[PDB]
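Taking it in order: structure first as structure tokens, then the write-up.
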Amino acid sequence: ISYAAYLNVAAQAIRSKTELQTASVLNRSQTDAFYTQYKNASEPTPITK
Amino acid sequence: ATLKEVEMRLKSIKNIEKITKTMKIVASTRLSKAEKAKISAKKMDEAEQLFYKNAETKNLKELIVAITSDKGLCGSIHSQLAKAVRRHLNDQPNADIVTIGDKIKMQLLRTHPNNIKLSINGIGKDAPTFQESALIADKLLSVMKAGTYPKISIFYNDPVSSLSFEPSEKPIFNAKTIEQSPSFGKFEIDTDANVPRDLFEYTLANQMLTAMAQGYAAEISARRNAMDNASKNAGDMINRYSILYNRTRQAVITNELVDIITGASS
Amino acid sequence: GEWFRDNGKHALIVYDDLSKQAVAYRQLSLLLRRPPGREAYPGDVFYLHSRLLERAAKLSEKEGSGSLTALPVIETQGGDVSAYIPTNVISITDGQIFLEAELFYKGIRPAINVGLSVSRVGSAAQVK
């Protein structure tokens with residue numbers, strides 16, 4: 001964990017009442033991004049960050 | 001030259017048309033939602049990078065992060081940005097590279113396979129969020145050790161209008177580089193808990209969100225623009241093939257009739 | 001070719017090409033004033049080709065075991081395989097080899113469209 005990422009966990013506890021939990025709130029609390037370290041060409045497992 | 005061919009060659013294009021015409025409106029609905037994230041992002045950055053302006057902060061190995069997305073059909077967004085990285089990256093064939101969005105990868109992968117050490121995926125769907133901006137930052141610190149670099153640079157497309165854009169560069173300074181500045185003493189920062197450490201890590205996250213938000217809205221404007229030109233260009237072919245269709249259809253009725261006629265005469 | 005087949009030997013027969021033979025049969029028939037059919041071809045132009053190719057055959061042991069393999073050749077116009085004669089012959093044979101100008105120019109020789117080409121006898125006729 002880091003100062004950016006730490007803040008995010010306290011920004012997803014802040015984010016998670018279902019009534020003020022508007023549509024573009026649930027969006028911000030999700031991500032479909034896979035990180036892949038690329039050697040040489042390619043390398044290891046793509047993991048869901 | 002046969003009806004079946006011309007009728008189905010028409011049915012490929014008529015959908016290509018209708019589809020490209022849909023994603024121009026889906027692009028237009030997405031337009032405002034994203035002009036909004038660009039405004040909210042800048043406004044946050046304006047409060048953060050104003051400190052760096054006062055401290056008159058400059059730069060005493062390298063990390064390059066270039067931002068676009070996964071999806072094409074947005075004109076030359078991925079191309080002339082990739083090209084901006086080529087122009088700058090001539091001075092540094094040893095600068096480590098992290099790419100955000102697969103299209104800048106296949107651009108930079110084919111030009112420099114080795115510099116790319118990291119690549120991010122599934123980016124240009126919805127507008128960028130802080131979580132994305134953050135966790136990408138997190139990994140830039142993790143395996144890429146972003147802290148241990150002399151100079152850091154973010155590459156992204158700034159949107160100037162809804163018709164053009166400019167591939168831009170902006171720098172990132174680290175814990176160390178913030179301290180040894182022309183005017184660190186202007187501010188009464190407490191020199192106790194690792195502050196420059198944080199202002200760097202917090203900025204790494206932020207200045208990316210702001211680069212992505214701008215890169216996204218540039219992309220979204222470029223989509224609605226490329227698709228307008230396409231749907232236009234499609235319709236043109238639909239027009240040219242509706243005419244060929246019609247010729248062929250007439251020809252088919254005549255030619256069929258001549259066989260019936262020859263057959264009847266004997 | 002049948003002589004080889006009828007006497008325990010084997011013959012390959014190449015018809016180059018049947019498109020042009022069909023044209024000749026048409027000329028014959030119109031000048032005889034026999035009423036034509038589609039595209040002015042005689043009504044029995046399917047028969048013309050089917051009886052020719054039914055004669056290619058692998059004879060049984062009681063008949064000496066000879067064979068006649070036929071490679072009939074058809075010319076399509078503008079890639080049009082739905083054309084009358086090409087449709088006729090396709091329905092007669094045991095599969096086809098579709099050759100394509102677009103594959104020829106990509107540097108595919110023979111320019112065989114693999115997807116569209118079958119051998120119906122299939123693997124039963126292939127060295128293991």
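Naming works like this for the structure tokens: A, B, ... for the chains as they're shown, residue 1 at the start of each chain, ligands 1 onward in shown order.
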Query raised in the report: Contacts of residue 93 in chain B at 10 Å or less, counting only C-alpha atoms, minus same-chain residues fewer than 2 places along, as a PyMOL selection string?
Result: chain B and resi 61-62+86+88-91+95-96+112+114-115
**Report entry** Contacts of range 90-106 of chain C within 8 Å, only C-alpha atoms, excl. fewer than 6 positions in-chain, as a PyMOL selection string
**Finding:** chain C and resi 49-50+53+79+112-114+116-121
Query - Residue hits in chain B, query chain A, radius 9 Å, only C-alpha atoms, as an NGL selection string - result: :B and (98 or 109 or 113-123 or 126 or 128-139 or 141-143 or 197-198 or 201-206)
Query - Filtered DSSP result for range 79-265 of chain B, state alpha helix (DSSP H), as a PyMOL selection string - result: chain B and resi 79-88+102-111+130-142+175-179+195-265
Report task. Run DSSP on the backbone and give me the residues of chain A it puts in strand (DSSP E), as an MDAnalysis selection string. Result -> chainID A and resid 34:37 47:48
Take the selection from the previous step and output its residues with N, CA, C and O atoms, as a tab-separated table (two decimals), in the first residue's frame.
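Result written to out.tsv:
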chain	number	residue	atom	x	y	z
A	34	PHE	N	-5.97	-4.54	-15.96
A	34	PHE	CA	-5.03	-5.62	-15.71
A	34	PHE	C	-3.61	-5.11	-15.94
A	34	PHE	O	-3.31	-4.51	-16.97
A	35	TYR	N	-2.75	-5.32	-14.96
A	35	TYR	CA	-1.36	-4.93	-15.12
A	35	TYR	C	-0.54	-6.11	-15.60
A	35	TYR	O	-0.68	-7.23	-15.11
A	36	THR	N	0.31	-5.84	-16.59
A	36	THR	CA	1.19	-6.86	-17.14
A	36	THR	C	2.59	-6.29	-17.27
A	36	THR	O	2.80	-5.27	-17.95
A	37	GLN	N	3.54	-6.93	-16.60
A	37	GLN	CA	4.94	-6.57	-16.73
A	37	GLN	C	5.45	-7.21	-18.01
A	37	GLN	O	5.23	-8.39	-18.24
A	47	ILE	N	-2.71	-9.51	-13.94
A	47	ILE	CA	-3.50	-9.56	-12.71
A	47	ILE	C	-4.42	-8.35	-12.61
A	47	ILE	O	-4.04	-7.25	-13.00
A	48	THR	N	-5.62	-8.56	-12.08
A	48	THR	CA	-6.59	-7.48	-11.91
A	48	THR	C	-6.17	-6.54	-10.76
A	48	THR	O	-6.35	-6.87	-9.59
Query - Selection near residue 21 in chain B, 8 Å with only C-alpha atoms, sequence-local residues under 4 positions removed, as a list in words - result: residues 17, 25, 227, 228 and 231 of chain B
Requested in this report: Starting from chain B, keep only residues with some atom at most 12 Å from an atom of chain C, counting only C-alpha atoms, and report them as an MDAnalysis selection string.
Outcome: chainID B and resid 1:5 255:266
**Report entry** Distance query range 64-81 of chain B at most 8 Å, only C-alpha atoms, self and fewer than 6 positions along chain excluded, as a VMD selection string
**Finding:** chain B and resid 95 to 104 107 121 to 124 152 to 157 167 211 to 212 215 to 216 218 to 220 222 to 227
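The list of residues with at least one atom within 12 Å of residue 46 in chain B, based on only C-alpha atoms and without residues fewer than 5 positions apart in the same chain, reads residues 38, 39, 40, 41, 51, 52, 53, 203, 206, 207 and 210 of chain B.
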